[PDB]
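So that the names make sense, note that chain A is the first sequence line, chain B the second, and so on, each numbered from 1. Any value given below was found using the heavy atoms of this structure, including those in side chains, with hydrogens, waters and symmetry copies removed.
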Amino acid sequence: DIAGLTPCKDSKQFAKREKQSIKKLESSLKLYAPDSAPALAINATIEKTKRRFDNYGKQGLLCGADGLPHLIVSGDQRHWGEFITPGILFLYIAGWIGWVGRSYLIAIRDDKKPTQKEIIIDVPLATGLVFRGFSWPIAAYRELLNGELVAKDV
Amino acid sequence: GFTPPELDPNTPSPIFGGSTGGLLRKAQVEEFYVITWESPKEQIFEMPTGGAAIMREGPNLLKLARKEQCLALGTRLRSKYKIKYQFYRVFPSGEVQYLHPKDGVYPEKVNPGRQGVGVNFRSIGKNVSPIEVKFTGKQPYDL
Amino acid sequence: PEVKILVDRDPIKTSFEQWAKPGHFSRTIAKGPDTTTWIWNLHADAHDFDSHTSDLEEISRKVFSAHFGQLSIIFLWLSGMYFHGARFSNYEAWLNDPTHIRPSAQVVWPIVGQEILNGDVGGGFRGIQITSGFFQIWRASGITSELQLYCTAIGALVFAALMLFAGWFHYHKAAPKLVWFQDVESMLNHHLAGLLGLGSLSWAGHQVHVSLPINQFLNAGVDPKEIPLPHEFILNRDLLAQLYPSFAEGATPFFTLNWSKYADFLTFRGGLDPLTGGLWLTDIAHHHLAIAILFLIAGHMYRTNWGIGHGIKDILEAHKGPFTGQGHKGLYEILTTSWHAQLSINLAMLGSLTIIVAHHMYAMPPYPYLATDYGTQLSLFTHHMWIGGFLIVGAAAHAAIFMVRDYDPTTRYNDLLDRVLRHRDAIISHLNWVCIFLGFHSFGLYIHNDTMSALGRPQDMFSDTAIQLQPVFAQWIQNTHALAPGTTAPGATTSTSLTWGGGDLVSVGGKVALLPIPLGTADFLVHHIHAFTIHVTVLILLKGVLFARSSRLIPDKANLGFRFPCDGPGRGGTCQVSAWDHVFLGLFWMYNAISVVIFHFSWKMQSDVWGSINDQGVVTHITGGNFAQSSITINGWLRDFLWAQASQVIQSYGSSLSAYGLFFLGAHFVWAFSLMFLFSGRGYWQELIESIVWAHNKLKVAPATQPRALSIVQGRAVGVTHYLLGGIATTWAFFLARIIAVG
Amino acid sequence: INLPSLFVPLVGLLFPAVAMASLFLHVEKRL
Amino acid sequence: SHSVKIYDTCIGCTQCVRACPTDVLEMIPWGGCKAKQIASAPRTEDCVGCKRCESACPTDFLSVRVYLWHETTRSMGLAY
Amino acid sequence: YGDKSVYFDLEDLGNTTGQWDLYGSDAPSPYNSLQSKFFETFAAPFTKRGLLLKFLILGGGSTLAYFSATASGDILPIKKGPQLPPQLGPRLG
Amino acid sequence: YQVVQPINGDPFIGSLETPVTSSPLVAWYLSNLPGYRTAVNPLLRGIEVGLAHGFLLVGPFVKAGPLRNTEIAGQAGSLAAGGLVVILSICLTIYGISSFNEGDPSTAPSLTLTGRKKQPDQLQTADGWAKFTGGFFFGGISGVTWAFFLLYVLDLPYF
Ligand code: CLA
Ligand code: CLA
Ligand code: CLA
Ligand code: CLA
Ligand SMILES: CC1=C(C/C=C(\C)CCC[C@H](C)CCC[C@H](C)CCCC(C)C)C(=O)c2ccccc2C1=O
Ligand code: SF4
Ligand code: SF4
C-alpha cells in the first residue's frame, strides 16, 4: 500500500504485538487471589488493551515492519482522520483562544491603568468575551477584509 | 584664582591598627594619593580599604593607593559626616598635585571659571558612519 | 531588667484589603507595574522583611508569625505522610514479614496507562515503593495497626490548624514587642531545658513503655494483631514484668538509687541487634534518658529573673587575649539586633548537624529492618547530605547579607570582626594556596593514574599494588575503635559500630546489614578529593563574605547593596563583583562536593559492605570489591560506576521503575536547559524581545505590561536553580532506580 | 641512527624551549 | 584612556556628575537650556570606564557617552 | 617622618611608601676570602648572559640528542620494540 | 599588650607585623640567607644557593622516577636533576636578560628598616644578576654531582 505499509488488521506483526502485550499483563494477574482488587484492576487494563488494539484495527491504520501504526500526512483522503481533521479542529480551538485574548486586550486598552486589568483579570468582561471565539473565523475574515485586523501606522 | 591648599606634612593621620589593604609597590614606583580633612571631633569611620579607624580632632591626612578609593572616602566623609576634604596625587619624585576639588567648588555646583572639554554641539544620533572615517586615525565619536 | 511577657494588642487588622493590592509592602510595587520586571521583583523581595521597613520590632513580629506558618506547613506534611501510611499503604503486610515485602505508601489512579507505576511491592498490594523509611520509624515506635496511624494523622491535622491559628494570633491580635524577642537568656534556658530536655525525656518515657515491650513482642515472632495494645502495658504491669522482670520493683529503684536494678532495659551494649539489624532499643532508651538529664541541667546556665545564672554579655566580654585585643566585646550587641547574624550562625550549625546525622545514620542504623533495606539507606544518606550542603551555603549567603546591611562600626563595634576584615587578604591568599595544592595532589594523582594505566604501566600507578598511599591515620583510628570495647570503654560489649572491625558481621534475611569497612589507597585518594572540594567551596564563600563591603577593585561595594549586576565594564570588567554572586558560585561547588561525596558513598557501599550472605558465610557483594582497584582512575569511575550502574535506569522503561527512567531523561533535559541562562546575557534577549514585541504590536496584540528580559541577577538565579534541579534530579533517579532494582 | 629517536625529542623538547624563551624575551621588554 | 563625550541634548540635571567614582565630569555654564548648565569631561585620564554616569542620564537617548579605549593603569583600577 | 603621629613627608617618599628591605643583612661576606678566591676563579666563564644562554641551550640540546639517540633497550621500551607476534583485527590484520 | 603592630608603626602601608612575619629569630634566620646577603658578591651567593638546590633535586627524581626499580635508578634520576637544574638556569638567564640592562642602577631598595641609607643591593643589576645565575648554575650541577657521588658511586648506609 502507501509507502509499502500494510492494513494493521491483516498484518502479522501487529497481531503478534497485541498477543505479547496481553500476555505479560495476564502474568501480573497471577500469584494473587483470582478476584482481588489488584487482580480486578489488572483485568480491567487487559480488557482496555484488547479494546485499543481492536479500535486500531477497526480505524484502518497502516502498520510497518515493526507493527506500529504509522500516520500518513500527505493529504491522502483515506487518512484525513490521522492528521488533517484533527488539524482543522486544532486550528479552530487555537484561533478561538487567540481571538478571545486579542479581543480582551483591545477592550482593556482604553483605561488609564490598563496594566491593572492585566495583573488582575476583569472576569466579568472576560466572560462576556469568551464566547466570541465560537465565531472567531467569520469575525477574523471580516476583520481582514475590513482592514482592521492588522494595525496600519506600524 | 583659588590658590590650591598646599599639602602640610606633620599633619596627623587617623588612628589605625594596620591592614593588608594599604599601599603596595605601585605607590613605590608610580604614584599614590593623599586626602585631608579637618574633623570637628574625634570619631570612628569606616576605612575605604579595611576596617574602622578613628579620625583625630584636628587635621587628618590619609594616604591611599587609588584615586577612586579617595573619592569614596570623601563622599562618605562629606554626606554622612559634614566635612570638607581635598585630595592630591603624589609621584615618586616628591611632586604633589592638587586634585579635588579642582577649582575650590565641588563639581556638582556650576562655577563661572570653567571651560568646556569634550562637548559636542549635536545630538548623539548625528555621528558619522564608521565608513566615513575608515583609513584615517580618527574615531567617529572623537569628531 | 527583669523578664516578663510584653505584648501589643491588634497591631494589624486582618482584612482582604492588601490581598487585592500585589506588592503592598513595597511602595513602588503597591502603585502598580509598568513592565514585566515588576512581576519578578514582587516575588524576589516578598520575604525580605528587613527592607520593607527599618523597625526591628516589625521585622521580628513578621519573623515570629512566619515561623508559625512554616511549622503549620510541616505539620500538614507529617499528617499527609501518616494518613497515606494509614490508608494507601501495605504497612500491616510489611509488619507481618519485613524482609520480603517492599514498603510502599502511594498508589496511582489508572488514568492514562500510568497504573503501570503500581508495581508489585508484594503483600497483595500494588503501589509505588517508598524510600522515606517511614515504615521503619512506625515499627520502632510500636505502631501495629492502621487505626493508630489514622489517629496520628488526625492529631497532626489539628496541630497544623493550631499552628496556623497561632500564627494569625501572634501577628494580628497579640504581637510581642522588641524587648521580648531581645531576651535570649530565657529563650536559651527554655530551648535547652524545655524543648530538648523535656522533649527527649518525654520520648524516653515513650520508648520505655510502648516501643520496648511492643518491639520485644514483635521480635519474639508474635502475630502483630495478637500483640496487646500499648495502653494495656500501662494498665496491667505484670505484662511488662514478664518481658522485663525489674519492672516489678517499679520506681523504687529510681529513688533507692539502686539504679543497677534497672540494668534490664537500660543497657550499654552497643552494636546491632542480630535479629532486626538495628540498634538495641534498650540502648536507645538509655541514650535518650541520659540526653534528657544533660539538657535539663544545661538549660539552667543563663540568668533570667532570680540572680543565679550567667549573663551572656559577661561570658563574652570575659574572653580576650594578647593576639585579639578586646575580642568578644560587643558581640552580644551584634547578635541581638540583627536577624541575619543569628540566621547565618544557625544555618551553618544546622547544615553541619544534618551531614553528621547522615554519617551516623549510615554507620549505626537506628531503626529495625533499616540496615538491610538498601534503598532506604541510600536515599536517606543522599537526602541528608544534600540538605546539609544547601544549608551550609545559605549560612554564607546570610553572613554576607549581614556584612553588607547590618555591620556598622560607628554604633556596634566588635574587635574580632574588625581584625579579620583588616587581614582578609592574607586569609584569602593562604586559602587560595591550600586549594591549589590540594587540587594538584588529589586530582593530579587521578590523572597520573589514568595516564600510567593508559600507557600500559600499572606498576608506576598510585594503587594498592604499585605505589601504596595508605591512610595510616584513619586505619590506626579505626583499629583503636575496634579495640575500644573492654579496653577503654569497659562498660560496652560491642564496639559502637561494625565498620570499626572485630569481625562480627551481622546479616538479616540473607542480606548483609554490616561488616568492617576496609580503608585502602582508593579511600585515601577520594578522601583527599573531598578535602579539596570542601576547601574550594569554603574559599569561594569566605571570599564573598570577607570582601562584601569593599575591595581594591571597587572601594565602595557596600553602597551598591548586597545584590547587584555590576558597576559597568570599567577597571577591566567588574562582572559579578557582588557578595550575592559569590553565593551563586559556592552553590555550583557545593553541588560538585556533595555529588562526589554521594558517589563515593554509593560505590563504596555497593562494593565493600552491601550484598548477599549465604550458607557458609560467603558474602557476595553487589560489586566484588571493584572499588579497591577500579576507583583509582577516572576511567574506572566512568566505566565501572556510571556506565555499569547506569544500565539499571536505562532498562527501567516497560516496568514499574519506568518513572525513574523518565525522570532521568527529564533531569538531563532541565540541566542542559539551565545552560541557556548560564552562558548568555540579557542584552541579546532584550534585543530579541524587541522584535517579538514588534510582531505583536503589528496585530494590536501587544501587552500593556511591557515585556522586559530578566534582570542580570535573575538570569543567573534562573541558570543556577535550573542547573541544581537538573543535576540533583538525575542523580536521584539514577540512585533510586539502581538501588531498587539491584537492592 | 633511528631518525625518530632524534627528531621527536628535539622538536618536542628543544624547539619549544628555544622558541618560547626567545618569544618571551621578545614580547616582555621595551624597545 | 577612555573617551567621554557630552552631547547637546544634555538637560544639565547633573545626576551623572554626582555619580562618577573618580571626579571626571563637571558642570559648566551654557545657554542652550533652562539651567544654563552643561556637563564637561576635563579629566578623562582618570575615567575607569565604570559608566555609572550613563545609568544616571535621564535623557533619551543618553547625553553622556563613555567609549572605552586604550587602557592605562589608571583606567584598569589596579592598586598593584 | 615618624614624629609621634605623622607618617607622611614629601622629603622622604621611600619611607612614606614603605620602600624598606625587611630582611637584608648589610653584613660582610660570611665566606672566608680563600674560599671566595677559589669559586669566583673557576665559576667565572659562566657569568655572561648571552654566552651562558647560548651555551646552555645548545649544550643541553646536544646532551639530550646524544643521550636519546644512544639509549639502550633496557631504558626505553620504545626502542626495545615489540617482542610478541601481532594479533589480527576484527576482520582485517 | 598587643602582639600584631603595623609595619614599622606605619598603619597605611599594606602589610602587618606579626610573629611569623617579624619575631627576632625568624628575622635573623631570613637575613642570614644568601638571597638577603646584600653586601656579598652575587656569585658566591649564587654558588651557595645553586649547590643547595642541586643537591635537593637529586632526592625525589631518583626515588620517584620511572627507573627507580632499575639498577641505573641513580644514574637516571641524577641525569634528570641535571636536566632540571639546566632548565632552571635557562629560566634565570632569560629572566635576567629581560628584566635588567647594564646601563641602569639597582632596583633594590636603598633604605633599611630604620630609615638609614644603604648601598642598593647589586644582585638586582644586570651583571650582578648575571654573576648570580652563573654561580647558581655552576653550584647546581656541582650539587647534583655531589649528591649523585654520595650514593651509588659509594655504598654509604642510608634509609
Ligand atoms: C606538515 C607536515 C608534517 C607533519 C605534520 C609531520 C609530523 C611528524 N613528523 Mg615529519 N617531516 C615532514 C613533514 C611533516 N611531519 C617533511 C616534509 C619531512 C622531510 C621529508 C619530514 C621528516 C620527518 C622525519 C625524519 C621524522 C619526522 C617525524 C614526525 C613525527 C614526530 C614529530 C616530529 O618530530 O616532527 C617532525 C620532525 C622533523 C625533522 C620535520 C622537519 C621537516 C618539516 C618540513 C619542518 C617544518 C617546520 C616549519 C618551519 C613549521 C611549519 C609550520 C606548521 C607545521 C606549524 C610527526 C608525527 C619523526 C618521526 O618519524 O616520528 C616517528 C621523524 O623522525 N618527519
Ligand atoms: C492574546 C494572546 C496571544 C495571541 C493572540 C498571540 C499571537 C501570536 N503570537 Mg504570542 N505570546 C503570548 C500570547 C499571544 N500570542 C504570550 C502570553 C506569550 C508569552 C509566552 C507569547 C509569546 C510569543 C512568542 C515568543 C512568539 C509569539 C508569536 C505569535 C504569533 C504567531 C503564533 C505563535 O506562534 O504564537 C505562539 C504562542 C505561544 C508562544 C504561547 C501562547 C500563550 C497562550 C496560549 C496564549 C495566552 C492567552 C491568554 C492568556 C488568554 C487570556 C484571555 C482572557 C479571556 C483572560 C501570533 C500572532 C510568535 C511570532 O512572533 O510570530 C511571528 C513568537 O515567536 N508569541
Ligand atoms: C518548654 C517551653 C518551650 C517549648 C517546648 C518551645 C518550643 C518551640 N519553640 Mg519556643 N520559646 C520559649 C519556650 C518554648 N519553646 C520561650 C520561653 C521563648 C522566649 C520567650 C521562646 C521563643 C521562641 C521563638 C522566637 C521561637 C520559638 C520556636 C519554637 C519551636 C522551634 C521549632 C521546633 O523545634 O519544632 C518542634 C515542634 C514541636 C515540638 C511540636 C510541638 C509544638 C508544641 C505544642 C509547642 C508548645 C510549646 C509552647 C511554648 C506552649 C506555650 C504556649 C501556650 C500558651 C499555648 C518549638 C515548637 C520557633 C517557632 O516559633 O517556631 C514556630 C521560634 O521562632 N520559641
Ligand atoms: C532557615 C533557612 C532560610 C531562611 C529562613 C532564609 C530566608 C531568606 N533568604 Mg535564604 N538561603 C537559604 C536558607 C534560608 N533563607 C539556603 C539554604 C540558601 C542556599 C541556597 C539560601 C540562599 C539565599 C540567597 C542567594 C538569597 C536568600 C535570600 C533570603 C531572604 C529572601 C528570600 C526570598 O524571599 O526569596 C524568594 C523565594 C523564592 C523565589 C523561592 C524560589 C523557588 C526555588 C528557587 C525553587 C525550588 C524548587 C523546588 C524545591 C522543587 C521544584 C518545584 C517545581 C518543579 C514546581 C530571606 C530573609 C535572598 C536575599 O536577598 O536575602 C535578603 C537571596 O538572594 N537566601
Ligand atoms: C531564555 C532566556 C530569557 C528569556 C526568558 C523568559 C522571557 C522567561 C519566560 C517566562 C515565560 C515562558 C513567559 C511568561 C508566560 C506567562 C506567565 C503567560 C503564561 C500563560 C500560559 C501560557 C500558561 C532571558 O530573559 C535571559 C536573560 C538572561 C540570561 C539568559 C536568558 C535566557 O536564556
Ligand atoms: S565611565 Fe565611570 S568614571 Fe568614566 S565618566 Fe562614566 S561614571 Fe565616571
Ligand atoms: S545625567 Fe545626562 S542629561 Fe543629566 S547632566 Fe549628566 S549627561 Fe547631562
Trainee: Under the salt bridge (charged side-chain N to carboxylate O under 4.0 Å, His left out) rule, collect the residues that match up with C:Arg87, sequence neighbours excluded.
Mentor: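 Checked C:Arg87 against salt bridge (charged side-chain N to carboxylate O under 4.0 Å, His left out); zero matches.
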Trainee: Work out which heavy atom in C:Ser497 is nearest to a heavy atom in C:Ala363; give both atom names and the distance.
Mentor: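 Heavy atoms only, the tightest pair is OG-O, 3.7 Å.
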Trainee: Below 4.5 Å, heavy atoms only, C-beta onward: do C:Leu239 and C:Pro213 meet side chain to side chain?
Mentor: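 Counting from C-beta outward, C:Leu239 and C:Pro213 never come under 4.5 Å.
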Trainee: Only counting residues at least two apart or in another chain, list the ones meeting ring pair (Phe, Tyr, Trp, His ring centres under 6.0 Å) with C:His535.
Mentor: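 Counting only residues at least two positions away or on another chain, C:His535 forms no ring pair (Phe, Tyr, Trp, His ring centres under 6.0 Å).
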Trainee: Looking at CD of C:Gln468 and CZ of C:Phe524, how far apart are the two atoms once the value is rounded to the nearest 0.5 Å?
Mentor: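 The CD atom of C:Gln468 sits 12.5 Å away from the CZ atom of C:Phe524.
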Trainee: Measuring only between side-chain heavy atoms, which start at C-beta, is C:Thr465 closer than 4.5 Å to C:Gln629?
Mentor: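 Result yes, sub-4.5 Å side-chain heavy-atom pair found.
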Trainee: Answer yes or no: is there a side-chain heavy-atom contact under 4.5 Å between C:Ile740 and C:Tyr660?
Mentor: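 Yes, close enough: below the 4.5 Å cut-off.
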Trainee: Report yes if the distance between the aromatic ring centroids of C:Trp203 and C:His206 is under 6.0 Å, otherwise no.
Mentor: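 Ring centroids of C:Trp203 and C:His206 are less than 6.0 Å from each other.
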Trainee: Within the distance-only criterion (no hydrogens, no angle test), does the side chain of C:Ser104 pair as donor or acceptor with the backbone N or O of C:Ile128 below 3.5 angstrom?
Mentor: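 The answer is yes, because a donor-acceptor pair under 3.5 Å joins these two groups.
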Trainee: Measure from the ring center of C:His384 to the ring center of C:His359 and say whether it is less than 6.0 Å.
Mentor: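 Centroid distance C:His384-C:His359: not below 6.0 Å, so no.
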Trainee: For residues C:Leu380 and C:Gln136, determine if any side-chain heavy atom of one lies less than 4.5 Å from a side-chain heavy atom of the other.
Mentor: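 Not touching, per the 4.5 Å side-chain cut-off.
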Trainee: Side chains of C:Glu249 and C:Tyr262: closer than 4.5 Å at any heavy-atom pair?
Mentor: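 Not touching, per the 4.5 Å side-chain cut-off.
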Trainee: Looking only at heavy atoms, which two atoms of G:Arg68 and C:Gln459 are closest? And how far apart?
Mentor: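 That would be NH2-O, 3.6 Å.
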Trainee: Do the side chain of C:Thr521 and the main chain of C:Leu469 share a donor and acceptor less than 3.5 angstrom apart?
Mentor: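 Looks like yes, one N/O pair under 3.5 Å.
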Trainee: Got a second to check how far C:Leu279's CG is from C:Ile284's CD1, nearest 0.5 Å?
Mentor: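 One gets 5.0 Å once the value is rounded to the nearest 0.5 Å.
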Trainee: Quick one: side-chain hydrogen bond (donor to acceptor under 3.5 Å, both in side chains) pairs with a partner in residues 207-216 of chain C, sequence neighbours left out?
Mentor: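 For residues 207-216 of chain C: C:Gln207-C:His288, C:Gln216-C:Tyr244.
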Trainee: Measure the acute angle between the ring planes of C:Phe381 and C:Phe601, then classify it against the limits of 30° and 60° as parallel, tilted or perpendicular.
Mentor: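 Parallel: the ring planes of C:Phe381 and C:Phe601 meet at under 30°.
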Trainee: Name all residues meeting the ring pair (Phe, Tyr, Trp, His ring centres under 6.0 Å) criterion together with C:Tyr374; count only those two or more places apart in sequence or in a different chain, and write none if there are none.
Mentor: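 Applying ring pair (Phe, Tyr, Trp, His ring centres under 6.0 Å) to C:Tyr374 gives C:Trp610.
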Trainee: Could I get the full list of ring pair (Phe, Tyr, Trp, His ring centres under 6.0 Å) partners for C:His286, not counting sequence neighbours?
Mentor: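 Partners of C:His286 under the ring pair (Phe, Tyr, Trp, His ring centres under 6.0 Å) test: none.
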Trainee: Looking at CG of C:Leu642 and OG of C:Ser647, how far apart are the two atoms once the value is rounded to the nearest 0.5 Å?
Mentor: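 Answer rounded to 0.5 Å: 11.0 Å.
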Trainee: What residue pairs, at least two apart or across chains, pass ring-ring contact (aromatic ring centres under 6.0 Å, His included) with a residue in residues 465-511 of chain C?
Mentor: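 Listed by first then second residue: C:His481-C:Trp500.
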Trainee: Among residues two or more places apart or on two chains, list those pairs meeting salt bridge (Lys or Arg N to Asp or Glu O under 4.0 Å) that have a residue in residues 116-143 of chain C.
Mentor: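 Pairs touching residues 116-143 of chain C that pass the test: none.
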Trainee: Name all residues meeting the ring pair (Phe, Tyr, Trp, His ring centres under 6.0 Å) criterion together with C:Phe532; count only those two or more places apart in sequence or in a different chain, and write none if there are none.
Mentor: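 Result, ring pair (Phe, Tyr, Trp, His ring centres under 6.0 Å) vs C:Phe532: C:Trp589.
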Trainee: Strictly distance-based, threshold 3.5 Å: is any side-chain N or O of C:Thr533 a donor or acceptor partner for the main-chain N or O of C:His530?
Mentor: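 Indeed, once roles are kept as given, a pair shorter than 3.5 Å links the two residues.
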Trainee: What are the two closest heavy atoms between C:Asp464 and C:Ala628, and how far apart are they?
Mentor: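 It is OD2-O, 3.8 Å.
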Trainee: Please report the closest heavy-atom contact between C:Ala737 and C:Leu657, naming both atoms and the distance.
Mentor: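 So the two residues come closest at O-CD1, 4.1 Å.
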Trainee: Please report the shortest heavy-atom distance between C:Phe735 and C:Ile598, naming the atom on each side.
Mentor: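 The answer is CZ-O, 3.6 Å.
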Trainee: State yes or no: are the ring centers of C:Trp138 and C:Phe134 separated by less than 6.0 Å?
Mentor: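 Ring-ring flag for C:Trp138/C:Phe134: true, centres closer than 6.0 Å.
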Trainee: With heavy-atom distances below 4.5 Å as the criterion, would you say the side chains of C:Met385 and C:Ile355 are in contact?
Mentor: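 The answer is yes; the side chains approach within 4.5 Å.
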Trainee: Measure the spacing between CG of C:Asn118 and CD of C:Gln106 and express it to the nearest 0.5 Å.
Mentor: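 Spacing of CG (C:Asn118) from CD (C:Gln106) equals 8.5 Å.
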Trainee: First locate atom CD1 of C:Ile392, then atom CD1 of C:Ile594, and finally report the distance between them rounded to the nearest 0.5 Å.
Mentor: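 Between C:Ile392 CD1 and C:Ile594 CD1, I get 7.5 Å after rounding to 0.5 Å.
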Trainee: Indicate, with yes or no, if the rings of C:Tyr591 and C:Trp386 have centres closer together than 6.0 Å.
Mentor: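 That pair passes the under 6.0 Å test.
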Trainee: What pairs with C:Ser89 under side chain to side chain contact (heavy atoms under 4.5 Å, CB included), at least two apart in sequence or on another chain?
Mentor: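 By the side chain to side chain contact (heavy atoms under 4.5 Å, CB included) rule, C:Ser89 matches C:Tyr91, C:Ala105, C:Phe135.
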Trainee: Provide the closest heavy-atom pair for C:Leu525 versus C:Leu445 in the form atom of the first, atom of the second, distance.
Mentor: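 Taking C:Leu525 first and C:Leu445 second, the nearest heavy atoms are CD2-CD1, 3.7 Å.
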Trainee: Would a 4.5 Å heavy-atom cut-off, applied to side chains only, mark C:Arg738 and C:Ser602 as touching?
Mentor: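 No, every pair of side-chain atoms sits at 4.5 Å or beyond.
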Trainee: How many angstroms lie between atom OG1 of C:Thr480 and atom CD of C:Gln475, to the nearest 0.5 angstrom?
Mentor: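 Here the interatomic distance stands at 12.0 Å.
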Trainee: Got a sec, which residues hit salt bridge (charged side-chain N to carboxylate O under 4.0 Å, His left out) with C:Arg457, two or more places apart in sequence or on another chain?
Mentor: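 Result, salt bridge (charged side-chain N to carboxylate O under 4.0 Å, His left out) vs C:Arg457: C:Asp460.
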Trainee: Taking the side chain as C-beta and beyond, is there a heavy-atom pair between C:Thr494 and C:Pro485 under 4.5 Å?
Mentor: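 In short, these two side chains do not touch, never coming nearer than 4.5 Å.
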Trainee: Going by the rule salt bridge (charged side-chain N to carboxylate O under 4.0 Å, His left out), which residues pair with C:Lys604 if we only count those two or more places apart in sequence or in a different chain?
Mentor: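 C:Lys604 satisfies salt bridge (charged side-chain N to carboxylate O under 4.0 Å, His left out) with C:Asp523, C:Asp608 only.
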Trainee: C:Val107 vs C:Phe125, test: side-chain contact (heavy atoms from CB on, under 4.5 Å). Steps then yes/no.
Mentor: CA-CA 9 Å; C:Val107 313; C:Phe125 194 77; 3.5 Å; yes
Trainee: Quick one: does any side-chain atom of C:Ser652 pair with a main-chain N or O of C:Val649 as donor and acceptor, under 3.5 Å?
Mentor: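 Between the backbone of C:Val649 and the side chain of C:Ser652 there is a qualifying donor-acceptor contact (under 3.5 Å).
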Trainee: Under 30°, 30 to 60°, or over 60°: which ring-plane class applies to C:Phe599 and C:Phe734, parallel, tilted or perpendicular?
Mentor: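 Ring orientation of C:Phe599 relative to C:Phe734: perpendicular.
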Trainee: Considering residues at least two apart in sequence or located in another chain, which fulfil the side chain to side chain contact (heavy atoms under 4.5 Å, CB included) criterion with C:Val619?
Mentor: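 If we apply the side chain to side chain contact (heavy atoms under 4.5 Å, CB included) test to C:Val619, skipping adjacent residues, the hits are C:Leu505, C:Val512, C:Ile613, C:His621.
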Trainee: Kindly say whether C:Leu498 contributes a backbone atom to a donor-acceptor pair with the side chain of C:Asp504 at under 3.5 angstrom?
Mentor: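 Looks like no, no N/O pair under 3.5 Å.
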